[PDB]
(Lines of atoms letter the chains of each structure in order from A and count residues from 1; the text may use other names and numbers.)
(Lines give C-alpha, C1' and ligand atoms only; values in the text may rest on other atoms or scores of the structure.)
Protein backbone atom coordinates (compact mmCIF):
# COMPACT_ATOMS: atom_id res chain seq x y z
CA UNK A 1 0.00 0.00 0.00
CA UNK A 2 1.02 3.54 -1.00
CA UNK A 3 -1.33 6.46 -1.75
CA UNK A 4 -1.73 7.46 -5.38
CA UNK A 5 -3.02 11.04 -5.78
CA UNK A 6 -4.64 10.55 -9.20
CA UNK A 7 -5.34 14.27 -9.83
CA UNK A 8 -2.60 16.79 -8.96
CA UNK A 9 -1.49 19.70 -11.16
CA UNK A 10 1.80 21.14 -12.32
CA UNK A 11 3.32 23.93 -14.42
CA UNK A 12 6.68 22.50 -15.71
CA UNK A 13 9.31 25.24 -15.81
CA UNK A 14 10.43 25.03 -19.47
CA UNK A 15 6.86 24.82 -20.80
CA UNK A 16 5.79 27.69 -18.54
CA UNK A 17 8.75 29.79 -19.80
CA UNK A 18 7.78 28.87 -23.39
CA UNK A 19 4.19 29.98 -22.72
CA UNK A 20 5.42 33.32 -21.28
CA UNK A 21 7.20 33.94 -24.60
CA UNK A 22 3.82 33.33 -26.31
CA UNK A 23 1.94 35.72 -24.02
CA UNK A 24 3.80 37.60 -21.23
CA UNK A 25 0.41 38.77 -19.87
CA UNK A 26 -0.31 35.25 -18.52
CA UNK A 27 0.72 35.93 -14.86
CA UNK A 28 -1.98 38.65 -14.91
CA UNK A 29 -4.63 36.44 -16.57
CA UNK A 30 -4.08 33.44 -14.27
CA UNK A 31 -4.19 33.94 -10.47
CA UNK A 32 -2.84 30.49 -9.46
CA UNK A 33 0.73 31.37 -10.59
CA UNK A 34 1.15 32.76 -7.02
CA UNK A 35 1.27 29.16 -5.67
CA UNK A 36 4.97 28.32 -5.41
CA UNK A 37 4.66 24.50 -5.43
CA UNK A 38 2.75 24.62 -8.76
CA UNK A 39 5.60 26.48 -10.47
CA UNK A 40 8.74 25.49 -8.65
CA UNK A 41 9.64 21.80 -8.64
CA UNK A 42 12.08 22.03 -5.73
CA UNK A 43 9.45 23.92 -3.67
CA UNK A 44 6.96 21.14 -4.48
CA UNK A 45 9.45 18.43 -3.45
CA UNK A 46 10.57 20.29 -0.29
CA UNK A 47 7.07 20.98 1.01
CA UNK A 48 5.79 17.57 -0.16
CA UNK A 49 2.50 16.92 1.71
CA UNK A 50 2.84 13.19 2.55
CA UNK A 51 5.81 10.82 2.10
CA UNK A 52 3.30 7.99 1.56
CA UNK A 53 1.83 9.89 -1.41
CA UNK A 54 2.83 9.70 -5.02
CA UNK A 55 1.08 12.10 -7.42
CA UNK A 56 -0.25 11.73 -10.94
CA UNK A 57 0.56 15.08 -12.53
CA UNK A 58 -1.31 16.94 -15.25
CA UNK A 59 -0.96 20.44 -16.58
CA UNK A 60 -2.86 23.28 -14.96
CA UNK A 61 -5.13 25.06 -17.47
CA UNK A 62 -2.81 27.25 -19.48
CA UNK A 63 -3.22 25.33 -22.72
CA UNK A 64 -1.45 26.32 -26.02
CA UNK A 65 -4.75 25.89 -27.93
CA UNK A 66 -6.01 29.07 -26.26
CA UNK A 67 -3.02 31.18 -27.35
CA UNK A 68 -1.51 29.94 -30.67
CA UNK A 69 -2.32 28.46 -34.09
CA UNK A 70 -2.86 24.73 -34.80
CA UNK A 71 0.76 23.93 -35.74
CA UNK A 72 2.46 25.84 -32.91
CA UNK A 73 0.01 24.33 -30.41
CA UNK A 74 0.89 20.77 -31.53
CA UNK A 75 4.60 21.56 -31.07
CA UNK A 76 4.05 23.15 -27.66
CA UNK A 77 1.95 20.21 -26.43
CA UNK A 78 4.47 17.59 -27.65
CA UNK A 79 7.20 19.54 -25.82
CA UNK A 80 5.02 19.69 -22.66
CA UNK A 81 4.28 15.95 -22.79
CA UNK A 82 7.99 15.21 -23.25
CA UNK A 83 8.77 17.38 -20.23
CA UNK A 84 5.99 15.72 -18.21
CA UNK A 85 7.31 12.26 -19.14
CA UNK A 86 10.81 13.32 -18.04
CA UNK A 87 9.49 14.57 -14.66
CA UNK A 88 8.06 11.09 -13.84
CA UNK A 89 11.22 9.34 -15.09
CA UNK A 90 13.40 11.66 -12.98
CA UNK A 91 11.37 11.48 -9.74
CA UNK A 92 9.72 8.02 -9.58
CA UNK A 93 9.30 8.09 -5.79
CA UNK A 94 7.22 11.26 -6.10
CA UNK A 95 5.34 10.96 -9.40
CA UNK A 96 3.34 7.80 -10.22
CA UNK A 97 2.68 9.00 -13.77
CA UNK A 98 1.73 11.96 -15.96
CA UNK A 99 -1.42 12.98 -17.83
CA UNK A 100 -0.74 14.29 -21.34
CA UNK A 101 -1.97 17.63 -22.74
CA UNK A 102 -3.99 17.55 -25.98
CA UNK A 103 -3.89 20.12 -28.81
CA UNK A 104 -7.65 20.28 -29.39
CA UNK A 105 -7.16 22.91 -32.09
CA UNK A 106 -5.17 20.19 -33.94
CA UNK A 107 -7.26 17.00 -34.15
CA UNK A 108 -4.76 14.95 -36.16
CA UNK A 109 -2.02 15.80 -33.65
CA UNK A 110 -4.35 15.11 -30.68
CA UNK A 111 -4.99 11.60 -32.11
CA UNK A 112 -1.18 11.09 -32.35
CA UNK A 113 -0.91 12.06 -28.65
CA UNK A 114 -3.43 9.34 -27.74
CA UNK A 115 -1.39 6.81 -29.78
CA UNK A 116 1.90 7.90 -28.16
CA UNK A 117 0.58 7.15 -24.63
CA UNK A 118 0.96 3.37 -25.25
CA UNK A 119 4.59 3.94 -26.30
CA UNK A 120 5.59 5.79 -23.10
CA UNK A 121 5.44 4.24 -19.61
CA UNK A 122 5.49 7.65 -17.90
CA UNK A 123 2.39 8.95 -19.74
CA UNK A 124 -0.67 7.44 -18.10
CA UNK A 125 -3.58 9.19 -19.85
CA UNK A 126 -4.68 12.41 -21.55
CA UNK A 127 -6.50 15.42 -20.10
CA UNK A 128 -9.74 16.71 -21.56
CA UNK A 129 -11.61 19.80 -20.51
CA UNK A 130 -15.37 20.38 -20.13
CA UNK A 131 -15.06 22.85 -23.01
CA UNK A 132 -12.35 23.25 -25.69
CA UNK A 133 -12.13 26.51 -27.71
CA UNK A 134 -15.65 27.54 -26.61
CA UNK A 135 -17.29 24.26 -27.67
CA UNK A 136 -18.49 21.37 -25.49
CA UNK A 137 -16.23 18.32 -25.02
CA UNK A 138 -19.23 16.46 -26.56
CA UNK A 139 -18.99 18.48 -29.78
CA UNK A 140 -18.45 16.42 -32.96
CA UNK A 141 -15.15 18.30 -33.46
CA UNK A 142 -13.52 16.30 -30.60
CA UNK A 143 -15.32 12.98 -30.99
CA UNK A 144 -12.48 11.35 -33.02
CA UNK A 145 -10.12 12.02 -30.10
CA UNK A 146 -12.55 10.38 -27.68
CA UNK A 147 -13.03 7.48 -30.14
CA UNK A 148 -9.26 6.96 -30.42
CA UNK A 149 -8.96 6.82 -26.59
CA UNK A 150 -11.71 4.21 -26.46
CA UNK A 151 -10.12 2.17 -29.28
CA UNK A 152 -6.62 2.20 -27.72
CA UNK A 153 -7.85 1.91 -24.08
CA UNK A 154 -6.39 5.26 -22.97
CA UNK A 155 -8.06 6.67 -19.82
CA UNK A 156 -8.98 10.36 -19.94
CA UNK A 157 -8.82 12.82 -17.04
CA UNK A 158 -11.67 15.38 -17.31
CA UNK A 159 -11.12 18.86 -15.87
CA UNK A 160 -13.47 21.86 -15.52
CA UNK A 161 -13.02 25.24 -17.17
CA UNK A 162 -15.22 28.34 -16.65
CA UNK A 163 -17.69 28.86 -19.52
CA UNK A 164 -17.20 32.56 -20.29
CA UNK A 165 -20.67 32.65 -21.96
CA UNK A 166 -22.23 32.23 -18.50
CA UNK A 167 -22.48 35.26 -16.16
CA UNK A 168 -21.50 35.13 -12.45
CA UNK A 169 -18.80 32.43 -12.78
CA UNK A 170 -17.13 31.75 -9.43
CA UNK A 171 -14.76 29.34 -7.67
CA UNK A 172 -17.49 27.95 -5.40
CA UNK A 173 -19.99 26.31 -7.84
CA UNK A 174 -19.41 27.13 -11.50
CA UNK A 175 -16.75 24.50 -12.30
CA UNK A 176 -18.96 21.75 -10.80
CA UNK A 177 -21.88 22.80 -12.88
CA UNK A 178 -19.52 22.69 -15.88
CA UNK A 179 -18.47 19.14 -15.04
CA UNK A 180 -22.12 18.06 -14.81
CA UNK A 181 -23.05 19.76 -18.07
CA UNK A 182 -20.20 18.01 -19.84
CA UNK A 183 -21.13 14.54 -18.53
CA UNK A 184 -24.78 15.12 -19.58
CA UNK A 185 -23.73 16.39 -23.00
CA UNK A 186 -21.41 13.34 -23.48
CA UNK A 187 -24.07 10.87 -22.25
CA UNK A 188 -26.89 12.31 -24.41
CA UNK A 189 -24.62 12.42 -27.50
CA UNK A 190 -24.35 8.59 -27.18
CA UNK A 191 -20.65 8.45 -26.19
CA UNK A 192 -21.10 5.37 -23.98
CA UNK A 193 -23.62 3.90 -26.41
CA UNK A 194 -20.87 3.81 -29.05
CA UNK A 195 -17.96 3.23 -26.60
CA UNK A 196 -19.08 1.59 -23.32
CA UNK A 197 -15.45 0.72 -22.42
CA UNK A 198 -14.14 4.31 -22.57
CA UNK A 199 -12.63 5.38 -19.27
CA UNK A 200 -12.99 8.97 -18.13
CA UNK A 201 -11.86 10.09 -14.68
CA UNK A 202 -13.99 13.01 -13.52
CA UNK A 203 -12.64 15.60 -11.13
CA UNK A 204 -14.49 16.45 -7.86
CA UNK A 205 -16.33 13.20 -7.06
CA UNK A 206 -18.61 13.26 -10.12
CA UNK A 207 -19.77 16.78 -9.30
CA UNK A 208 -23.62 17.07 -9.15
CA UNK A 209 -24.46 13.49 -10.21
CA UNK A 210 -24.38 11.56 -6.89
CA UNK A 211 -26.65 14.07 -5.06
CA UNK A 212 -29.08 14.45 -8.02
CA UNK A 213 -29.14 10.90 -9.38
CA UNK A 214 -32.88 10.86 -8.55
CA UNK A 215 -33.46 13.53 -11.21
CA UNK A 216 -31.27 11.81 -13.80
CA UNK A 217 -33.24 8.57 -13.30
CA UNK A 218 -36.60 10.35 -13.81
CA UNK A 219 -35.67 12.73 -16.64
CA UNK A 220 -33.48 10.45 -18.81
CA UNK A 221 -34.42 7.04 -20.23
CA UNK A 222 -32.96 3.77 -18.87
CA UNK A 223 -29.89 3.46 -21.12
CA UNK A 224 -28.73 7.06 -20.73
CA UNK A 225 -29.46 7.32 -17.00
CA UNK A 226 -27.28 4.26 -16.37
CA UNK A 227 -24.52 5.67 -18.63
CA UNK A 228 -23.73 8.24 -15.90
CA UNK A 229 -22.44 5.27 -13.83
CA UNK A 230 -19.66 4.55 -16.36
CA UNK A 231 -17.59 7.54 -15.22
CA UNK A 232 -14.78 7.13 -12.78
CA UNK A 233 -14.41 9.85 -10.18
CA UNK A 234 -11.69 11.25 -7.96
CA UNK A 235 -12.09 12.44 -4.33
CA UNK A 236 -11.17 16.09 -4.86
CA UNK A 237 -13.92 17.75 -2.74
CA UNK A 238 -11.74 18.93 0.17
CA UNK A 239 -12.81 16.41 2.82
CA UNK A 240 -16.49 15.63 3.42
CA UNK A 241 -16.77 11.98 4.43
CA UNK A 242 -20.54 11.51 3.87
CA UNK A 243 -20.30 13.10 0.39
CA UNK A 244 -17.52 10.70 -0.50
CA UNK A 245 -19.80 7.88 0.83
CA UNK A 246 -22.68 9.09 -1.37
CA UNK A 247 -20.24 8.96 -4.35
CA UNK A 248 -19.34 5.32 -3.51
CA UNK A 249 -23.05 4.49 -3.22
CA UNK A 250 -23.64 5.77 -6.75
CA UNK A 251 -20.45 4.80 -8.61
CA UNK A 252 -19.40 1.68 -6.72
CA UNK A 253 -16.10 1.37 -4.84
CA UNK A 254 -14.06 0.49 -7.97
CA UNK A 255 -14.85 3.87 -9.62
CA UNK A 256 -13.72 6.16 -6.82
CA UNK A 257 -10.06 7.18 -6.74
CA UNK A 258 -7.99 9.18 -4.29
CA UNK A 259 -7.36 12.62 -5.76
CA UNK A 260 -6.67 15.99 -4.15
CA UNK A 261 -6.54 18.88 -6.67
CA UNK A 262 -2.96 19.55 -5.42
CA UNK A 263 -1.50 22.07 -4.88
CA UNK A 264 -4.69 24.17 -4.88
CA UNK A 265 -6.99 25.24 -2.04
CA UNK A 266 -4.69 24.19 0.83
CA UNK A 267 -1.38 26.06 1.06
CA UNK A 268 1.37 25.20 0.47
CA UNK A 269 0.89 21.82 -1.23
CA UNK A 270 -2.77 20.86 -1.52
CA UNK A 271 -5.34 18.97 0.51
CA UNK A 272 -3.63 15.58 0.96
CA UNK A 273 -4.19 15.64 4.73
CA UNK A 274 -7.89 16.58 4.93
CA UNK A 275 -8.89 14.25 2.09
CA UNK A 276 -6.88 11.26 3.46
CA UNK A 277 -8.57 11.83 6.82
CA UNK A 278 -12.03 11.94 5.14
CA UNK A 279 -11.47 8.65 3.32
CA UNK A 280 -10.16 7.09 6.57
CA UNK A 281 -13.32 8.25 8.39
CA UNK A 282 -15.55 6.24 6.00
CA UNK A 283 -17.55 3.28 7.39
CA UNK A 284 -16.20 0.95 4.67
CA UNK A 285 -13.68 -1.95 4.76
CA UNK A 286 -9.89 -1.66 4.56
CA UNK A 287 -9.89 -3.45 1.21
CA UNK A 288 -12.30 -0.75 0.01
CA UNK A 289 -10.07 2.07 1.36
CA UNK A 290 -7.07 0.47 -0.36
CA UNK A 291 -9.01 0.44 -3.63
CA UNK A 292 -9.63 4.22 -3.23
CA UNK A 293 -6.06 5.06 -2.14
CA UNK A 294 -4.23 2.67 -4.45
CA UNK A 295 -5.84 -0.18 -6.41
CA UNK A 296 -8.44 1.66 -8.51
CA UNK A 297 -5.79 3.85 -10.15
CA UNK A 298 -3.90 0.79 -11.44
CA UNK A 299 -7.11 -0.82 -12.70
CA UNK A 300 -7.89 2.46 -14.54
CA UNK A 301 -4.57 2.74 -16.37
CA UNK A 302 -4.24 -0.96 -17.36
CA UNK A 303 -3.92 -1.16 -21.13
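Positions refer to the first chain, counted from 1.
Do the CA atoms of 124-132 or those of 221-229 have the higher mean B-factor in the entry? In the deposited entry, the stretch with the higher C-alpha B-factor mean is 221-229.
Of 167-175 and 111-119, which one has the bigger average CA B-factor? According to the entry, 111-119 carries the higher average C-alpha B-factor.
Please pick out which of 243, 59, 56, 39 has the largest Cα B-factor as recorded in the entry. Highest C-alpha B-factor among the listed residues goes to 39.
In terms of CA temperature factor as recorded, identify the highest of 262, 237, 247, 267. In the PDB entry, the greatest C-alpha B-factor among 262, 237, 247, 267 is found at 267.
Ranked C-alpha temperature factor of residue 215 among modelled chain residues, by third: Its C-alpha B-factor, which the entry lists for residue 215, ranks in the middle third among residues of this chain.
Residue 2 - which third its CA temperature factor falls in, relative to the rest of the chain: Its C-alpha B-factor belongs to the highest third of this chain's values.
Determine, from the deposited record, the chain-internal third of the Cα B-factor for residue 256: lowest, middle or highest. Residue 256: CA B-factor falls in the lowest third of its chain.
Just say lowest, middle or highest third for the CA B-factor of residue 200 relative to the other modelled residues in its chain. Within its chain, residue 200 is a lowest-third residue by C-alpha B-factor, going by the deposited values.
Please rank the C-alpha B-factors of the chain's modelled residues and tell me whether residue 92 sits in the lowest, middle or highest third. For residue 92, the deposited C-alpha B-factor lands in the highest third.
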